[PDB]
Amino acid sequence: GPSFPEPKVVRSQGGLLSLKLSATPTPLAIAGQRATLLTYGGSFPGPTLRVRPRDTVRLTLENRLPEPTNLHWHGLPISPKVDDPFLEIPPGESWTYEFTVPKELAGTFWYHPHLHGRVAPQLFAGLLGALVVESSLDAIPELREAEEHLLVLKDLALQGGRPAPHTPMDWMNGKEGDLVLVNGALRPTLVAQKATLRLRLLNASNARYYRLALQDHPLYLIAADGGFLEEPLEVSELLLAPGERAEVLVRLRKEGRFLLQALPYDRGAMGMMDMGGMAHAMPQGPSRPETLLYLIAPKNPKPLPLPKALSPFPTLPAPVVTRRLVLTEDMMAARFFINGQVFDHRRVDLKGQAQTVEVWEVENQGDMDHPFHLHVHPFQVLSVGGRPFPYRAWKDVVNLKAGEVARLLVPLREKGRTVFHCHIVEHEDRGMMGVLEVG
C-alpha cells in the first residue's frame, strides 16, 4: 500500500453521503500485532467521511456492541435533535442520523461515541473517525497544489490482544497508552512528493496531549477546530489537546529525514507514592517524548508561496450575557465538577437565546489541564490565561492549564438541549459535564 497509511475515504455522491456503518468488535492487525478492537466500518480509525457544504448526510449506525452507544458529530454546528447526546442505541439496534452540512463551514471534524458513563472505554477501544468538509478555498493554488494528508493522533494500550481495561487511576487522569500511533500505524514514514504539505490534524486520544514539533521546521497554522484562520500563522510548535483539530502547512526546506515529535508536556496527571508515612498523590510530570512519524523531503524542495489570506472571520453581534463556569476536581474520588456540580441529564444548567452572542468565562481551578468542549455552538477564543489569542477562527475545544481563565465569544445557533464538558473523556464520564438549553 502507500508508504503513508490513511483511513479509507467515503465521499458524498451527487450531494448525498448515504452510508451504513456498524460498531463492531473487529479482529485486525495493529502495530505489528493481532488485536480485537471496537471499530466503525471494520477499520481503525473508522473511515473518513468527506463532504461539502449543503450536502445531505444520511448515516445509519448499527450497534453490534454488547452495550448501548450513539454518535456525537464533534464540532458540527447542526441541531442537537440530530447530534443528540442523550440518545441511546441499544445493542443490536440501528439509528439513522440525517442532516444537511451547513453552508458556511470548512475544516476537519470527527465522530465518536457520547453515551454518558461509557465514552472512555468505547473511544479508547477504537471507536472514532474523521469528517472533512471541503471548501471552495481548497481551490486556491497555494492549497490545491499542496500534498494533503490526514493525521489521526490516537494512542492505545493492549492486554491479551484487546484494549487494556481502565484502572481507578485511569478514571482520575484519563487513560494514555504506550502505543502512540498515527492513523493506527506505529511511526509510519511519509515520503513527501511535494515541497508543501497540507496536514489535517486530529487528536482523537482519550487524554494524551501532543505538543507537536517538526524537526528543523516551523508549522503554518491555517485552520483551528472548526474553520480557517484569517491568514496563516507561523508557530514553532503546536499543542493539540484531546478533541482539538488543526490544519497546518509544512514548507519543506531541504532534502533529508525530519522527525515529527510529540515533545514532553506536563498536563498534570498524578501518581501515588509511599515514602515512609505517606500514600499521597504525586505529579507524574511531563510525558516522555514520542516520535509520531518520519518525514522524508523530496529532492531540491521548492515550497509554494503561502496564501496571503484564508477566510475573513465573521463580525459578531455584541454579547447579551456573560457566564462563569468554574472547573474543580476531587482527584482521590475521581470526581470532577462544573460550578460545584456533577452532570445530571434531567437538570438544565444554562438557558440561552438562539441567535444571540454570549461571553463564557471558563475557569480552571483544578491542577490538571482540562480541555473544555461545547457541542453545537462553535466559539471564538478571545483570551486564555489573560493572554489574547493570536488569531480568529472557530473552535469547539479550548485547553485550560491549572488556574487559567478562557474567555470565549459564543454565538448560540440551533435551538434545543445540548451539553458542554471536559474532553478528557474519563472526566466527562465521571461528572464533568453540564446542560445548555437554547430557545
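Rigid core (definition): largest C-alpha set, two forms, superposition within 1.5 Å. We number the residues from 1 along the sequence you see.
Here 308 to 316 and 276 to 284 are scored by the root mean square distance of their C-alpha atoms in 8 other deposited structures of this protein, with each structure fitted by the rigid core; the higher score goes to 276 to 284. Superposition on the core shows that, in 8 other deposited structures of this protein, the C-alpha atoms drift more in one of 41 to 49 and 379 to 387; this is 379 to 387. In this entry, the higher average B-factor at the C-alpha atoms falls on 142 to 150, of the pair 104 to 112 and 142 to 150.
Stretches 343 to 351 and 289 to 297 differ in mean C-alpha B factor, with the higher average recorded for 343 to 351.
Of all the options 206, 236, 79, 315, the entry's greatest CA B-factor is assigned to 315. Listed residues 155, 329, 134, 361 were ranked by CA B-factor as deposited; 134 comes out on top. In the deposited entry, the Cα temperature factor of residue 167 places it in the highest third of its chain's modelled residues. Remark: residue 67 belongs to the highest third of its chain, ranked by C-alpha B-factor as recorded. Residue-level temperature factors show residue 21 in the highest third of its chain, judged at the C-alpha atom.
Ranked by Cα temperature factor within the chain, residue 311 sits in the highest third according to the deposited record. In this PDB entry, residue 194 carries a Cα temperature factor that places it within the middle third of its chain's modelled residues.
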